[PDB]
């Protein structure tokens, strides 16, 4: 039920091997301190700049998404911590509660 032509299946295998040979070539380049000249040969100046900005875009997305979780958690905890104090205050004995009211001036 695969339903794929031998031509398309051979091209997909070709692109897969060509991609795997590049990442392996780049890996050995880092191990030989040749990554910088290889990237200058493999990439255009506009593609190198695009990659540099995309890292910053990922950084701003992660920082933006994490900062929205922190305000979501701090606002929720600020409400959850009030309810914990309310329940604990209801459970306190009268001798403590009435003494707190006398220090409630």
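Numbering follows the first chain given and starts at 1.
Stretches 7-15 and 82-90 differ in mean C-alpha B factor, with the higher average recorded for 7-15. Set against one another, the Cα B-factors of 62, 41, 51, 77 in the record reach their highest point at 77. When the CA B factors of the chain's modelled residues are split into thirds, the value for residue 46 lands in the middle one. Ranked against the other modelled residues of its chain, the C-alpha B-factor of residue 29 as given in the entry falls in the middle third. Per-chain ranking of the deposited C-alpha B factor places residue 71 in the highest third.
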